[PDB]
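K.L.:
Sharing a structure, written as structure tokens. Questions coming.
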Ligand SMILES: COc1ccc(OCc2ccc(COc3c(Cl)cccc3Cl)cc2)c(Cl)c1
């Protein structure tokens with residue numbers, strides 16, 4: 030039976046794998062077990078991972094095939110696409126062949142495009158009233174735009190305007206800044222939470238303030 | 010030579026000094042209905058020289074950003090002299106055509122235009138409602154239409170446009186444009202020729218039909234290689250279309266047809 | 010016409026739309042050894058299509074400052090596919106050639122290249138020691154060599170270069186270059202042609218010889234009128250050389266020859 | 024459906040004839056063969072194009088409809110005759126603008142109990158009635174229309190080999206139109222917009238009529254469903270004016286598109 034889990038982000042840069050798992054029940058085991066991959070994709074009719082005995086690269090030069098092949102296993106095979114440009118989607122499929130019924134499988138696809146970088150800058154001098162002190166949360170390089178979120182310590186947060194996306198090489202860039210008004214203290218752990226859902230926990234950057242005179 | 014020609018029909022003559030031969034669609038020259046293929050029994054009218062002559066439709070301009078143009082026959086000629094009169098006064102009509110596309114530039118310009126003559130050139134619409142394009146939009150007349158770089162669905166439910174949305178690479182009908190070469194065509198590559206000439210016989214599943222309800226041929230012009238010049242990001246060269254109906258014969262005379270417009 | 014041609018040898022075809030005819034050296038087309046002129050008694054090998062085909066040697070670039078280039082045959086083809094294999098496996102070898110030099114520019118460029126095919130093209134050395142050029146230097150292979158504007162004597166006694174010093178106006182051999190026109194040639198004058206084509210029969214004082222010890226023909230290319238363009242002091246146009254051996258026959262098969270290099 | 028020409032041996036060339044050079048602007052394709060650009064040997068050609076003839080290309084029964092009837102108004106169903114309800118045969122036919130042929134229809138009938146442990150019924154007999162445009166359409170699974178005194182009917186007994194009938198070329202034109210760039214009406218100046226409006230690319234509202242299917246047996250309270258799969262094969266085929274095949278998904282009876290507009294995959298320009 031077909032049990033492919035591949036609905037994968039998929040991280041860009043790159044590079045990451047495009048897996049295909051077909052767990053085999055269980056008393057009516059499967060051969061011949063050649064594995065085909067069809068893209069989705071201006072398919073007329075190839076960008077294919079096919080594997081008869083020796084793994085055959087149907088011409089998309091930017092491919093890596095990692096399965097215990099030339100012998101057999103059978104197929105919980107992993108593919109990899111590098112690289113490194115956003116040759117995106119579209120979609121991809123994973124179809125097997127079988128002596129019993131199984132010259133068949135399922136189409137399964139997902140995401141791609143890319144992660145960002147962040148830094149904080151705070152200025153300038155306070156002549157009020159009553160805008161910026163000013164904390165800026167710059168977000169450079171991420172086509173699927175990173176959801177920048179400025180929060181802090183008090184109800185002096187509702188004030189968060191954005192620089193939208195004037196995209197760099199394939200990749201989108203933004204800058205959230207605050208503003209935050211007036212007056213004195215240093216002094217608070219005002220934290221910008223930049224996400225994108227890659228890496229570990231979202232980019233939490235805490236800073237200070239320019240207090241003058 | 011393959012490059013110099015003169016076409017004379019009625020009181021009109023066309024000369025060219027940079028042709029690339031001429032194409033006769035499917036190898037068939039236009040002809041009149043034979044008695045063995047005749048259907049309507051009434052005596053036909055054959056205007057001859059009054060209708061079978063060269064009519065120049067409006068000139069379009071080619072720019073680096075152009076996606077393409079299209080026209081429908083006999084539609085584009087419905088207001089052309091006595092051809093249009095006979096078309097509207099008769100229930101049935103039949104005609105072949107000599108399509109002459111004109112486009113001159115210079116030895117420092119580049120670009121290639123694909124000129125295709127398509128029988129039953131059905132185009133794609135703009136809504137989720139199938140075959141929703143309305144008569145007035147499907148028949149633009151001499152001004153014809155244009156191809157687009159992408160499909161954009163009309164969502165105004167209150168006032169649907171009911172128009173075509175011909176995407177260029179999809180040949181305006183859901184097929185790949187690179188395969189449009191299976192239709193009679195010529196290419197106007199600026200470094201080689203001035204024009205394209207196609208002789209089209211009458212094509213249909215009937216010997217004669219209603220010219221107002223049905224368009225037999227479609228003319229599609231697509232920039233295969235975009236227009237470019239010296240260093241002028243700014244470049245415009247006109248494309249003039251001259252068409253002449255051939256072997257016109259009409260049947261079923263009555264009062265004149267006045268179709269609804271806009 | 011004199012200007013359009015197509016040459017087909019084996020699996021290779023060359024087309025040209027700006028030729029100036031072709032020269033057949035001494036009016037002799039290459040041929041195989043006749044029984045009446047035969048010498049080695051063993052059965053010859055004749056690779057035919059595997060060796061008699063067009064091989065493209067490295068492209069050189071012509072600049073305002075270029076003095077000229079030279080190659081030696083069969084030397085320049087010693088590493089070319091199955092021709093080179095047969096050359097090294099046999100003691101004796103014989104072949105004719107079709108030399109096709111390629112050089113295109115534009116209508117605003119000037120320059121003329123003299124392409125000469127010289128039988129027994131012996132070149133002058135660089136030292137006071139006579140006939141001192143060493144084998145490795147005399148046989149550069151596909152990269153060939155270059156002409157110089159002046160003679161410069163090698164004085165390093167400890168490590169003599171033992172190389173050639175072909176001065177251009179002296180045709181690299183002590184004769185005036187203007188008289189090199191007594192040898193089969195063509196001229197690639199940029200305002201007239203793209204190429205030069207020469208068919209060379211086998212020339213030697215023997216019917217067959219050692220291809221490794223002896224070079225039968227020499228190809229010399231000299232800028233008769235220097236390269237010049239619009240106002241670009243900076244101008245470079247490539248010169249590609251494509252040669253095809255003809256009527257190859259080898260005698261005296263043994264183990265392969267591996268000559269010393271550099 | 025015949026032979027291909029032999030390859031003649033071809034030697035070297037050095038001439039003013041250049042078949043390799045051409046000018047595609049003319050609208051013509053360069054008719055070169057291998058011997059025009061390379062040296063060839065003589066090969067006696069034995070391959071033929073017997074299977075790619077227009078006839079052999081279409082000589083297959085393709086499914087065009089799956090009519091369903093529930094013998095417990103569903104006691105009978107009506108299917109408007111068309112080849113556009115499915116995609117496979119439709120795409121093949123659309124390689125051409127016009128066609129003319131005879132048709133062979135084969136009907137594969139299957140049925141089963143909805144309930145694993147309930148009900149029973151005696152062997153079923155089906156009636157497939159063709160209702161030509163104009164004839165009265167059945168309102169009940171048992172009204173007067175099923176008398177078929179003039180309409181052609183096919184009575185199929187469940188379990189018997191698939192039923193099969195032939196239909197002649199029935200078009201009102203000299204050929205079937207796969208594409209019709211026009212309307213059935215011309216809106217006239219002055220009439221209300223509701224007036225003279227018709228579908229683009231549509232001819233008759235009822236081109237070929239429809240099929241009315243029912244089970245003739247008296248229905249039992251048992252839950253049963255039957256499906257009649259209609260297979261059609263064009264025989265004695267003639268086709269005119271080739272067209273490029275459908276590249277994007279079909280979106281209705283027209284040439285309309287909407288969804289799979291990006292059919293081609295990515296591939297490096299210099300990647301083999
Ligand atoms: C261009 O491609 C075409 C053209 C016409 C077509 O249909 C025309 C058509 C007309 C009448 C009948 C009626 O046939 C039947 C009869 Cl008499 C009796 C019982 C059952 C049937 Cl089924 C069936 C098909 C089709 Cl399916 C494809």
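Chains as they are written, first to last, in the entry's author numbering: chain R, 30 to 242; chain 2, 10 to 271; chain 2', 10 to 271; chain 1, 24 to 95, 102 to 301. A prime marks a further copy of an entry chain.
Positions of the beta carbon are idealized from the N, C-alpha and C atoms, including for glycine.
(1) Assuming residue 260 (chain 2) and residue 217 (chain 2) form a contact by the criterion Cβ under 8 angstroms, report the distance between their Cβ atoms to the nearest whole angstrom.
(2) Go ahead and label residue 41 (chain R) buried or exposed: buried means 16 or more other beta carbons lie within 10 angstroms of its beta carbon, across all protein chains shown.
(3) Tell me whether the region 195 to 215 of chain 2' and the region 92 to 110 of chain 2' touch, counting them as touching only if at least three CB pairs, one residue from each stretch, are closer than 8 angstroms.
(4) Could you tell me the distance, in whole angstroms, from the CA atom of residue 156 (chain 1) to the CA atom of residue 146 (chain 1)?
(5) If we define contact as Cβ-Cβ less than 8 angstroms, is residue 44 (chain R) a contact residue for chain 1?
(6) Compute the minimum distance between the beta carbon of residue 205 (chain 1) and the heavy atoms of ligand 1, and state whether it is under 7 angstroms.
(7) Quick check on residue 185 (chain R): does DSSP put it in helix, strand or coil?
(8) Considering only the alpha carbon of each residue, which of 42 (chain 1), 263 (chain 1), 89 (chain 1) lies closest to residue 241 (chain 1)?
(9) Can you tell me where the alpha helix (DSSP H) with residue 121 (chain 1) in it begins and where it stops?
(10) Quick test of your reading: residue 135 (chain 1) and residue 84 (chain 1), contact by CB under 8 angstroms. State the CB separation rounded to the nearest angstrom.
(11) Sorted by chain position, which residues of the same chain lie with C-beta nearer than 8 angstroms to residue 142 (chain 2')'s C-beta, five sequence neighbours on each side aside?
(12) In chain order, what residues of the same chain lie with their CB nearer than 7 angstroms to the CB of residue 263 (chain 2), ignoring the 5 residues before and after it?
(13) According to the neighbour-count rule (16 or more other Cβ atoms, all chains shown, within 10 Å of its Cβ), is residue 38 (chain 2) buried or exposed?
(14) Name the chain R residues that come within less than 8 angstroms of residue 301 (chain 1), Cβ to Cβ?
(15) Hey, could you find the ends of the beta strand (DSSP E) residue 120 (chain 2) is sitting in?
(16) Are the Cβ atoms of residue 133 (chain R) and residue 47 (chain R) separated by less than 8 angstroms?
(17) Look at residue 151 (chain 2') and residue 85 (chain 2') and say whether their C-beta atoms are less than 8 angstroms apart.
(18) Leaving aside the five residues before and after residue 93 (chain R) along the sequence, list all residues of the same chain whose C-beta is less than 6 angstroms from its C-beta, in chain order.
(19) May I ask whether a heavy atom of ligand 1 can be found less than 7 angstroms away from the beta carbon of residue 96 (chain 2)?
(20) Residues of the region 16 to 41 of chain 2' with a CB closer than 8 angstroms to any CB of chain 1: list them in chain order, please.
(21) Is residue 162 (chain 1) near ligand 1, in the sense that its beta carbon is under 7 angstroms from a heavy atom of that ligand?
(22) What three-state label does DSSP hand residue 82 (chain R) in the structure shown?
(23) In whole angstroms, what is the alpha-carbon distance linking residue 75 (chain 1) and residue 24 (chain 1)?
(24) Given that residue 58 (chain 2') touches chain 1, what residues does it touch there, using C-beta distances under 7 angstroms?
(25) Leaving out five residues on either side along the sequence, give the residues of the same chain with a beta carbon under 7 angstroms from the beta carbon of residue 53 (chain 1).
(26) Determine the direct distance from the alpha carbon of residue 154 (chain 2) to that of residue 246 (chain 2), and round the result to whole angstroms.
(27) If you compare alpha carbons, which of 121 (chain 2'), 120 (chain 2'), 270 (chain 2'), 76 (chain 2') is closest to residue 159 (chain 2')?
(28) Kindly confirm or deny that the region 281 to 293 of chain 1 and the region 174 to 186 of chain 1 touch, where touching means at least three C-beta pairs closer than 8 angstroms.
(29) Below 8 angstroms between beta carbons is the criterion; list the residues of the region 287 to 299 of chain 1 that meet it against any residue of chain R, in chain order.
(30) With 8 angstroms set as the bound, which would you pick, yes or no: does the beta-carbon of residue 130 (chain 1) sit closer than that to a beta-carbon of chain 2?
(31) For residue 89 (chain 2'), return the contacting residues in chain 1, with the cut-off set at a CB-CB distance below 8 angstroms.
(32) List the residues of chain 2' whose Cβ lies closer than 7 angstroms to the Cβ of residue 35 (chain 1), in chain order.
(33) Of the choices 169 (chain 2), 53 (chain 2), 117 (chain 2), whose alpha-carbon is the least far from that of residue 238 (chain 2)?
(34) Run through DSSP, which three-state label would residue 142 (chain 1) get?
(35) Anything in chain 2' within Cβ reach of residue 123 (chain 1), meaning under 9 angstroms, just list it in chain order.
(36) Does the beta carbon of residue 217 (chain 1) sit closer than 8 angstroms to a beta carbon anywhere in chain 2?
P.N.:
Reading off the structure:
(1) Indeed they touch by this definition, with Cβ atoms about 6 angstroms apart.
(2) Buried is the call here.
(3) Result yes; three or more Cβ-Cβ pairs closer than 8 angstroms.
(4) Annotation: residue 156 (chain 1) to residue 146 (chain 1) spans about 28 angstroms, alpha carbon to alpha carbon.
(5) No, because no Cβ of chain 1 sits closer than 8 angstroms to the Cβ of residue 44 (chain R).
(6) In this structure, residue 205 (chain 1) has its beta carbon less than 7 angstroms from a heavy atom of ligand 1.
(7) Of the three classes helix, strand and coil, the one that applies to residue 185 (chain R) here is coil, per DSSP.
(8) Residue 241 (chain 1) has its Cα closest to that of 89 (chain 1), out of 42 (chain 1), 263 (chain 1), 89 (chain 1).
(9) Looking at the DSSP string, the run of the alpha helix (DSSP H) that includes residue 121 (chain 1) is 117 to 122.
(10) Cβ-Cβ separation between residue 135 (chain 1) and residue 84 (chain 1): approximately 6 angstroms, consistent with a contact (criterion under 8 angstroms).
(11) Only 132, 134, 135, 171, 172, 173 meet the Cβ criterion.
(12) Residues 100 of the same chain have their beta carbon placed closer than 7 angstroms to that of residue 263 (chain 2), with the five preceding and five following residues left out of the count.
(13) With fewer than 16 other beta carbons inside 10 angstroms of its own, residue 38 (chain 2) counts as exposed.
(14) Near residue 301 (chain 1) (Cβ distances below 8 angstroms), the residues of chain R are 88, 90.
(15) For residue 120 (chain 2), the enclosing beta strand (DSSP E) begins and ends at 118 to 128.
(16) In this structure, residue 47 (chain R) does not lie closer than 8 angstroms to residue 133 (chain R) by Cβ.
(17) Closer than 8 angstroms, so yes.
(18) Counting only Cβ-Cβ distances below 6 angstroms, and skipping sequence neighbours, we find 109.
(19) Taken from the Cβ of residue 96 (chain 2), every heavy atom of ligand 1 lies 7 angstroms or farther away.
(20) Here the close residues are 16, 17, 18, 19, 20, 21, 22, 24, 26, 31.
(21) Not a single heavy atom of ligand 1 lies less than 7 angstroms from the C-beta of residue 162 (chain 1).
(22) Three-state DSSP puts residue 82 (chain R) in coil, outside helix and strand.
(23) Each residue's alpha carbon lies about 7 angstroms from the other.
(24) Within chain 1, the residues near residue 58 (chain 2') are 62.
(25) Cβ neighbours of residue 53 (chain 1) beyond the five flanking positions: 45.
(26) Straight-line Cα distance between these residues: approximately 18 angstroms.
(27) By alpha-carbon distance to residue 159 (chain 2'), the top candidate from 121 (chain 2'), 120 (chain 2'), 270 (chain 2'), 76 (chain 2') is 76 (chain 2').
(28) Because the criterion of three Cβ pairs below 8 angstroms is not met, the region 281 to 293 of chain 1 and the region 174 to 186 of chain 1 do not touch.
(29) Residues are counted here when their Cβ sits less than 8 angstroms from a Cβ of chain R; for the region 287 to 299 of chain 1 these are 291, 292, 293, 294, 295, 296, 297, given in chain order.
(30) So, not an interface residue.
(31) The premise fails here: residue 89 (chain 2') is roughly 17 angstroms from chain 1 at the closest Cβ pair, so nothing lies under 8 angstroms.
(32) Going along chain 2' in sequence order, the residues near residue 35 (chain 1) (Cβ under 7 angstroms) are 17, 18.
(33) Between residue 238 (chain 2) and the set 169 (chain 2), 53 (chain 2), 117 (chain 2), the nearest pair of CA atoms involves 117 (chain 2).
(34) Residue 142 (chain 1) sits in a strand when the DSSP states are folded into three classes.
(35) Neighbours of residue 123 (chain 1) on chain 2': none; closest Cβ ~39 angstroms, over 9 angstroms.
(36) Interface criterion met: the Cβ of residue 217 (chain 1) is under 8 angstroms from a Cβ in chain 2.
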